[PDB]
Amino acid sequence: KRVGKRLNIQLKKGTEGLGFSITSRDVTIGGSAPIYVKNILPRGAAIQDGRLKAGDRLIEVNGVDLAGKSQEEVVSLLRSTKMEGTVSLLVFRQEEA
């Protein structure tokens, strides 16, 4: 099984997105593929907030289930978010032991 733990991180939108890029497992064309922060950019609310780092998988965003949406769908929901809007992104951290 996969070890690790889930975490909840809410970031306050600040125009310059959140400073986090997400990758797609690419399980299927359009069915259900797990998305996880490919890397935390040095310009956003995430890095400034210091709560959500890289190597995490988005389990839910703003109370939404990203278990079937898509990469563009996921990125779309975050991209839709505007300034003055705390986006609660539930991530999943995994250890290497």
# chains A, B, ... in the order shown; residues from 1 in each chain; ligands from 1
>>> residues_around(residues="residue A:74", least_positions_apart="2", cutoff="12 Å", atoms="only C-alpha atoms", output="PyMOL selection string")
chain A and resi 21-24+32-37+57-62+64-72+76-81+89
>>> write_last_selection(atoms="C-alpha atoms", output="PDB file, in the first residue's frame")
ATOM      1  CA  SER A  21       2.072  23.580 -10.448  1.00  0.00           C
ATOM      2  CA  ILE A  22       0.215  20.268 -10.613  1.00  0.00           C
ATOM      3  CA  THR A  23       1.015  17.242 -12.746  1.00  0.00           C
ATOM      4  CA  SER A  24      -1.325  14.546 -14.049  1.00  0.00           C
ATOM      5  CA  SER A  32     -10.052   9.377 -13.531  1.00  0.00           C
ATOM      6  CA  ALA A  33      -6.420  10.386 -13.030  1.00  0.00           C
ATOM      7  CA  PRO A  34      -4.738  11.495  -9.751  1.00  0.00           C
ATOM      8  CA  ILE A  35      -3.284  15.010  -9.743  1.00  0.00           C
ATOM      9  CA  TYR A  36      -0.369  16.136  -7.563  1.00  0.00           C
ATOM     10  CA  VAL A  37       1.757  19.273  -7.214  1.00  0.00           C
ATOM     11  CA  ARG A  57      -1.498  15.030  -4.271  1.00  0.00           C
ATOM     12  CA  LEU A  58      -4.697  17.078  -4.443  1.00  0.00           C
ATOM     13  CA  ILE A  59      -7.474  15.034  -2.850  1.00  0.00           C
ATOM     14  CA  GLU A  60      -9.993  17.884  -2.899  1.00  0.00           C
ATOM     15  CA  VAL A  61     -10.159  21.602  -3.701  1.00  0.00           C
ATOM     16  CA  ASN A  62     -12.707  24.112  -2.390  1.00  0.00           C
ATOM     17  CA  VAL A  64     -14.594  19.533  -4.720  1.00  0.00           C
ATOM     18  CA  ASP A  65     -13.668  15.956  -5.587  1.00  0.00           C
ATOM     19  CA  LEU A  66     -10.776  15.893  -8.054  1.00  0.00           C
ATOM     20  CA  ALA A  67     -11.163  12.124  -8.401  1.00  0.00           C
ATOM     21  CA  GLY A  68     -12.405  12.120 -11.979  1.00  0.00           C
ATOM     22  CA  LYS A  69     -12.264  15.748 -13.099  1.00  0.00           C
ATOM     23  CA  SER A  70      -9.015  16.181 -15.076  1.00  0.00           C
ATOM     24  CA  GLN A  71      -5.789  18.183 -15.251  1.00  0.00           C
ATOM     25  CA  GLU A  72      -7.265  21.044 -17.231  1.00  0.00           C
ATOM     26  CA  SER A  76      -9.425  25.273 -14.435  1.00  0.00           C
ATOM     27  CA  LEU A  77     -11.150  25.350 -11.051  1.00  0.00           C
ATOM     28  CA  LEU A  78      -8.060  26.948  -9.483  1.00  0.00           C
ATOM     29  CA  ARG A  79      -7.484  29.189 -12.485  1.00  0.00           C
ATOM     30  CA  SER A  80     -11.083  30.369 -12.122  1.00  0.00           C
ATOM     31  CA  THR A  81     -10.361  31.485  -8.564  1.00  0.00           C
ATOM     32  CA  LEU A  89      -6.875  22.554  -1.100  1.00  0.00           C
TER      33      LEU A  89
END
>>> select_by_dssp(residues="stretch 2-77 of chain A", states="alpha helix (DSSP H)", output="compact mmCIF listing (two decimals) with N, CA, C and O atoms, in the first residue's frame")
# COMPACT_ATOMS: atom_id res chain seq x y z
N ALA A 45 0.84 32.24 -3.24
CA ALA A 45 0.34 32.24 -1.87
C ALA A 45 0.76 30.98 -1.12
O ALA A 45 0.87 31.00 0.11
N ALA A 46 0.98 29.89 -1.84
CA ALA A 46 1.37 28.64 -1.21
C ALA A 46 2.75 28.74 -0.58
O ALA A 46 2.92 28.47 0.61
N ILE A 47 3.74 29.13 -1.38
CA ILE A 47 5.10 29.26 -0.89
C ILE A 47 5.20 30.34 0.19
O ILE A 47 5.95 30.19 1.15
N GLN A 48 4.44 31.41 0.03
CA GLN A 48 4.45 32.50 1.00
C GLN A 48 3.77 32.06 2.29
O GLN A 48 4.18 32.44 3.39
N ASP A 49 2.71 31.26 2.16
CA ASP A 49 1.98 30.76 3.31
C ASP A 49 2.80 29.73 4.08
O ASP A 49 2.71 29.64 5.30
N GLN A 71 -6.86 17.23 -15.49
CA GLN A 71 -5.79 18.18 -15.25
C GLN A 71 -6.26 19.59 -15.58
O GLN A 71 -6.19 20.49 -14.76
N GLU A 72 -6.76 19.75 -16.80
CA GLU A 72 -7.27 21.04 -17.23
C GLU A 72 -8.49 21.42 -16.41
O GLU A 72 -8.74 22.59 -16.15
N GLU A 73 -9.23 20.40 -15.98
CA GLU A 73 -10.41 20.63 -15.15
C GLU A 73 -9.98 21.14 -13.79
O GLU A 73 -10.48 22.15 -13.30
N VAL A 74 -9.03 20.43 -13.20
CA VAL A 74 -8.49 20.80 -11.90
C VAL A 74 -7.87 22.19 -11.97
O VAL A 74 -8.24 23.09 -11.21
N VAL A 75 -6.94 22.36 -12.90
CA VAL A 75 -6.27 23.64 -13.09
C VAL A 75 -7.29 24.73 -13.40
O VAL A 75 -7.09 25.90 -13.07
N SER A 76 -8.37 24.34 -14.06
CA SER A 76 -9.43 25.27 -14.43
C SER A 76 -10.15 25.82 -13.21
O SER A 76 -10.42 27.01 -13.12
N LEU A 77 -10.46 24.94 -12.26
CA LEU A 77 -11.15 25.35 -11.05
C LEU A 77 -10.28 26.30 -10.22
O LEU A 77 -10.79 27.24 -9.62
>>> closest_residue(among="A:38, A:97, A:13, A:5", to="residue A:25", atoms="only C-alpha atoms")
A:38
>>> closest_residue(among="A:40, A:52, A:91, A:83", to="residue A:15", atoms="only C-alpha atoms")
A:83
>>> atom_distance(atom1="atom CA of residue A:41", atom2="atom CA of residue A:28")
26.9 Å
>>> atom_distance(atom1="atom CA of residue A:56", atom2="atom CA of residue A:85")
21.7 Å
>>> closest_residue(among="A:1, A:44, A:31, A:39", to="residue A:17", atoms="only C-alpha atoms")
A:44
>>> residues_around(residues="residue A:50", least_positions_apart="6", cutoff="12 Å", atoms="only C-alpha atoms", output="list in words")
residues 9, 10, 11, 12, 18, 19, 20, 40, 41, 42, 43 and 44 of chain A
>>> select_by_dssp(residues="chain A", states="strand (DSSP E or B)", output="ChimeraX atom specification")
/A:5-12,20-24,35-40,56-57,60-61,64-65,86-93
>>> atom_distance(atom1="atom CA of residue A:3", atom2="atom CA of residue A:55")
13.0 Å
>>> closest_residue(among="A:29, A:87, A:14, A:95", to="residue A:54", atoms="only C-alpha atoms")
A:95
>>> decode(residues="stretch 42-92 of chain A", atoms="N, CA and C atoms", output="PDB file, in the first residue's frame")
ATOM      1  N   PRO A  42       8.209  29.623  -6.859  1.00  0.00           N
ATOM      2  CA  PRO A  42       8.666  30.629  -5.896  1.00  0.00           C
ATOM      3  C   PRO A  42       7.898  31.947  -5.978  1.00  0.00           C
ATOM      4  N   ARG A  43       6.671  31.897  -6.484  1.00  0.00           N
ATOM      5  CA  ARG A  43       5.851  33.096  -6.603  1.00  0.00           C
ATOM      6  C   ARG A  43       4.369  32.763  -6.470  1.00  0.00           C
ATOM      7  N   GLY A  44       3.877  32.757  -5.235  1.00  0.00           N
ATOM      8  CA  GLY A  44       2.478  32.457  -5.001  1.00  0.00           C
ATOM      9  C   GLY A  44       2.110  32.488  -3.531  1.00  0.00           C
ATOM     10  N   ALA A  45       0.837  32.238  -3.245  1.00  0.00           N
ATOM     11  CA  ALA A  45       0.343  32.243  -1.873  1.00  0.00           C
ATOM     12  C   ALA A  45       0.756  30.984  -1.116  1.00  0.00           C
ATOM     13  N   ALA A  46       0.975  29.893  -1.841  1.00  0.00           N
ATOM     14  CA  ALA A  46       1.366  28.636  -1.212  1.00  0.00           C
ATOM     15  C   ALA A  46       2.748  28.740  -0.582  1.00  0.00           C
ATOM     16  N   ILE A  47       3.737  29.125  -1.378  1.00  0.00           N
ATOM     17  CA  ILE A  47       5.096  29.257  -0.886  1.00  0.00           C
ATOM     18  C   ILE A  47       5.198  30.336   0.189  1.00  0.00           C
ATOM     19  N   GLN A  48       4.435  31.414   0.027  1.00  0.00           N
ATOM     20  CA  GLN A  48       4.451  32.497   1.000  1.00  0.00           C
ATOM     21  C   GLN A  48       3.766  32.061   2.292  1.00  0.00           C
ATOM     22  N   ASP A  49       2.712  31.258   2.156  1.00  0.00           N
ATOM     23  CA  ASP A  49       1.976  30.764   3.311  1.00  0.00           C
ATOM     24  C   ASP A  49       2.796  29.731   4.075  1.00  0.00           C
ATOM     25  N   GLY A  50       3.583  28.950   3.343  1.00  0.00           N
ATOM     26  CA  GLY A  50       4.407  27.931   3.967  1.00  0.00           C
ATOM     27  C   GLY A  50       3.580  26.845   4.625  1.00  0.00           C
ATOM     28  N   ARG A  51       2.719  26.202   3.845  1.00  0.00           N
ATOM     29  CA  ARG A  51       1.866  25.140   4.364  1.00  0.00           C
ATOM     30  C   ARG A  51       1.862  23.931   3.435  1.00  0.00           C
ATOM     31  N   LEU A  52       1.718  24.186   2.140  1.00  0.00           N
ATOM     32  CA  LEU A  52       1.692  23.118   1.149  1.00  0.00           C
ATOM     33  C   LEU A  52       2.970  23.125   0.309  1.00  0.00           C
ATOM     34  N   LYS A  53       3.704  22.018   0.353  1.00  0.00           N
ATOM     35  CA  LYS A  53       4.942  21.892  -0.402  1.00  0.00           C
ATOM     36  C   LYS A  53       4.754  20.967  -1.599  1.00  0.00           C
ATOM     37  N   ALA A  54       5.857  20.601  -2.244  1.00  0.00           N
ATOM     38  CA  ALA A  54       5.806  19.718  -3.401  1.00  0.00           C
ATOM     39  C   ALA A  54       5.714  18.257  -2.975  1.00  0.00           C
ATOM     40  N   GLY A  55       5.442  17.380  -3.934  1.00  0.00           N
ATOM     41  CA  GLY A  55       5.330  15.964  -3.637  1.00  0.00           C
ATOM     42  C   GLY A  55       4.008  15.605  -2.987  1.00  0.00           C
ATOM     43  N   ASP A  56       3.009  16.467  -3.154  1.00  0.00           N
ATOM     44  CA  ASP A  56       1.692  16.232  -2.577  1.00  0.00           C
ATOM     45  C   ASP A  56       0.649  16.009  -3.669  1.00  0.00           C
ATOM     46  N   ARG A  57      -0.427  15.311  -3.319  1.00  0.00           N
ATOM     47  CA  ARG A  57      -1.498  15.030  -4.271  1.00  0.00           C
ATOM     48  C   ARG A  57      -2.808  15.668  -3.819  1.00  0.00           C
ATOM     49  N   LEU A  58      -3.439  16.401  -4.731  1.00  0.00           N
ATOM     50  CA  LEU A  58      -4.697  17.078  -4.443  1.00  0.00           C
ATOM     51  C   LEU A  58      -5.850  16.088  -4.321  1.00  0.00           C
ATOM     52  N   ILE A  59      -6.360  15.935  -3.105  1.00  0.00           N
ATOM     53  CA  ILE A  59      -7.474  15.034  -2.850  1.00  0.00           C
ATOM     54  C   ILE A  59      -8.804  15.761  -3.018  1.00  0.00           C
ATOM     55  N   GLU A  60      -8.790  17.070  -2.777  1.00  0.00           N
ATOM     56  CA  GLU A  60      -9.993  17.884  -2.899  1.00  0.00           C
ATOM     57  C   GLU A  60      -9.653  19.373  -2.861  1.00  0.00           C
ATOM     58  N   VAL A  61     -10.380  20.161  -3.646  1.00  0.00           N
ATOM     59  CA  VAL A  61     -10.159  21.602  -3.701  1.00  0.00           C
ATOM     60  C   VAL A  61     -11.476  22.360  -3.557  1.00  0.00           C
ATOM     61  N   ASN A  62     -11.508  23.314  -2.629  1.00  0.00           N
ATOM     62  CA  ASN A  62     -12.707  24.112  -2.390  1.00  0.00           C
ATOM     63  C   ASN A  62     -13.919  23.218  -2.143  1.00  0.00           C
ATOM     64  N   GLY A  63     -13.676  22.051  -1.555  1.00  0.00           N
ATOM     65  CA  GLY A  63     -14.755  21.124  -1.273  1.00  0.00           C
ATOM     66  C   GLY A  63     -15.176  20.329  -2.495  1.00  0.00           C
ATOM     67  N   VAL A  64     -14.302  20.268  -3.495  1.00  0.00           N
ATOM     68  CA  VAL A  64     -14.594  19.533  -4.720  1.00  0.00           C
ATOM     69  C   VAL A  64     -13.770  18.256  -4.805  1.00  0.00           C
ATOM     70  N   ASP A  65     -14.346  17.232  -5.424  1.00  0.00           N
ATOM     71  CA  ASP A  65     -13.668  15.956  -5.587  1.00  0.00           C
ATOM     72  C   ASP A  65     -12.926  15.915  -6.918  1.00  0.00           C
ATOM     73  N   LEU A  66     -11.598  15.926  -6.851  1.00  0.00           N
ATOM     74  CA  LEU A  66     -10.776  15.893  -8.054  1.00  0.00           C
ATOM     75  C   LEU A  66     -10.478  14.456  -8.476  1.00  0.00           C
ATOM     76  N   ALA A  67     -11.335  13.530  -8.058  1.00  0.00           N
ATOM     77  CA  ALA A  67     -11.163  12.124  -8.401  1.00  0.00           C
ATOM     78  C   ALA A  67     -11.994  11.757  -9.625  1.00  0.00           C
ATOM     79  N   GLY A  68     -11.678  12.385 -10.753  1.00  0.00           N
ATOM     80  CA  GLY A  68     -12.405  12.120 -11.979  1.00  0.00           C
ATOM     81  C   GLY A  68     -12.459  13.328 -12.893  1.00  0.00           C
ATOM     82  N   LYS A  69     -12.237  14.513 -12.327  1.00  0.00           N
ATOM     83  CA  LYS A  69     -12.264  15.748 -13.099  1.00  0.00           C
ATOM     84  C   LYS A  69     -11.281  15.682 -14.271  1.00  0.00           C
ATOM     85  N   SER A  70     -10.060  16.176 -14.051  1.00  0.00           N
ATOM     86  CA  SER A  70      -9.015  16.181 -15.076  1.00  0.00           C
ATOM     87  C   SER A  70      -7.950  17.215 -14.728  1.00  0.00           C
ATOM     88  N   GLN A  71      -6.864  17.229 -15.488  1.00  0.00           N
ATOM     89  CA  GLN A  71      -5.789  18.183 -15.251  1.00  0.00           C
ATOM     90  C   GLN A  71      -6.258  19.585 -15.584  1.00  0.00           C
ATOM     91  N   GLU A  72      -6.760  19.753 -16.797  1.00  0.00           N
ATOM     92  CA  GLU A  72      -7.265  21.044 -17.231  1.00  0.00           C
ATOM     93  C   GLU A  72      -8.488  21.416 -16.408  1.00  0.00           C
ATOM     94  N   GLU A  73      -9.231  20.402 -15.976  1.00  0.00           N
ATOM     95  CA  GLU A  73     -10.412  20.630 -15.154  1.00  0.00           C
ATOM     96  C   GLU A  73      -9.981  21.138 -13.789  1.00  0.00           C
ATOM     97  N   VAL A  74      -9.026  20.433 -13.195  1.00  0.00           N
ATOM     98  CA  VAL A  74      -8.492  20.802 -11.901  1.00  0.00           C
ATOM     99  C   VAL A  74      -7.870  22.191 -11.968  1.00  0.00           C
ATOM    100  N   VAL A  75      -6.938  22.360 -12.897  1.00  0.00           N
ATOM    101  CA  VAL A  75      -6.271  23.638 -13.088  1.00  0.00           C
ATOM    102  C   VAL A  75      -7.286  24.728 -13.404  1.00  0.00           C
ATOM    103  N   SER A  76      -8.375  24.336 -14.060  1.00  0.00           N
ATOM    104  CA  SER A  76      -9.425  25.273 -14.435  1.00  0.00           C
ATOM    105  C   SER A  76     -10.145  25.818 -13.209  1.00  0.00           C
ATOM    106  N   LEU A  77     -10.456  24.937 -12.263  1.00  0.00           N
ATOM    107  CA  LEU A  77     -11.150  25.350 -11.051  1.00  0.00           C
ATOM    108  C   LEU A  77     -10.282  26.297 -10.224  1.00  0.00           C
ATOM    109  N   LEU A  78      -8.969  26.068 -10.220  1.00  0.00           N
ATOM    110  CA  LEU A  78      -8.060  26.948  -9.483  1.00  0.00           C
ATOM    111  C   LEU A  78      -7.835  28.223 -10.281  1.00  0.00           C
ATOM    112  N   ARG A  79      -7.693  28.059 -11.590  1.00  0.00           N
ATOM    113  CA  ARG A  79      -7.484  29.189 -12.485  1.00  0.00           C
ATOM    114  C   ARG A  79      -8.679  30.133 -12.443  1.00  0.00           C
ATOM    115  N   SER A  80      -9.861  29.575 -12.193  1.00  0.00           N
ATOM    116  CA  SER A  80     -11.083  30.369 -12.122  1.00  0.00           C
ATOM    117  C   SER A  80     -11.072  31.248 -10.880  1.00  0.00           C
ATOM    118  N   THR A  81     -10.453  30.746  -9.817  1.00  0.00           N
ATOM    119  CA  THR A  81     -10.361  31.485  -8.564  1.00  0.00           C
ATOM    120  C   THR A  81      -9.679  32.831  -8.786  1.00  0.00           C
ATOM    121  N   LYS A  82     -10.182  33.862  -8.123  1.00  0.00           N
ATOM    122  CA  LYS A  82      -9.622  35.203  -8.255  1.00  0.00           C
ATOM    123  C   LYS A  82      -9.113  35.719  -6.916  1.00  0.00           C
ATOM    124  N   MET A  83      -8.510  36.904  -6.935  1.00  0.00           N
ATOM    125  CA  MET A  83      -7.981  37.513  -5.719  1.00  0.00           C
ATOM    126  C   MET A  83      -9.060  37.592  -4.646  1.00  0.00           C
ATOM    127  N   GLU A  84      -8.638  37.689  -3.389  1.00  0.00           N
ATOM    128  CA  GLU A  84      -9.579  37.758  -2.278  1.00  0.00           C
ATOM    129  C   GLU A  84     -10.468  36.520  -2.259  1.00  0.00           C
ATOM    130  N   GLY A  85      -9.836  35.356  -2.155  1.00  0.00           N
ATOM    131  CA  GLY A  85     -10.567  34.108  -2.131  1.00  0.00           C
ATOM    132  C   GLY A  85      -9.715  32.967  -1.627  1.00  0.00           C
ATOM    133  N   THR A  86      -9.896  32.624  -0.360  1.00  0.00           N
ATOM    134  CA  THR A  86      -9.131  31.547   0.255  1.00  0.00           C
ATOM    135  C   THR A  86      -9.557  30.194  -0.301  1.00  0.00           C
ATOM    136  N   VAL A  87      -8.662  29.574  -1.063  1.00  0.00           N
ATOM    137  CA  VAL A  87      -8.931  28.277  -1.667  1.00  0.00           C
ATOM    138  C   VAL A  87      -8.398  27.148  -0.788  1.00  0.00           C
ATOM    139  N   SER A  88      -9.312  26.356  -0.234  1.00  0.00           N
ATOM    140  CA  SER A  88      -8.934  25.239   0.623  1.00  0.00           C
ATOM    141  C   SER A  88      -8.608  24.012  -0.216  1.00  0.00           C
ATOM    142  N   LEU A  89      -7.322  23.694  -0.313  1.00  0.00           N
ATOM    143  CA  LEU A  89      -6.875  22.554  -1.100  1.00  0.00           C
ATOM    144  C   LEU A  89      -6.378  21.421  -0.211  1.00  0.00           C
ATOM    145  N   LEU A  90      -7.143  20.335  -0.165  1.00  0.00           N
ATOM    146  CA  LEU A  90      -6.765  19.175   0.629  1.00  0.00           C
ATOM    147  C   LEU A  90      -5.737  18.345  -0.130  1.00  0.00           C
ATOM    148  N   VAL A  91      -4.510  18.315   0.379  1.00  0.00           N
ATOM    149  CA  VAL A  91      -3.440  17.572  -0.270  1.00  0.00           C
ATOM    150  C   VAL A  91      -3.132  16.270   0.462  1.00  0.00           C
ATOM    151  N   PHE A  92      -2.241  15.474  -0.118  1.00  0.00           N
ATOM    152  CA  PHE A  92      -1.852  14.202   0.475  1.00  0.00           C
ATOM    153  C   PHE A  92      -0.339  14.017   0.412  1.00  0.00           C
TER     154      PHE A  92
END
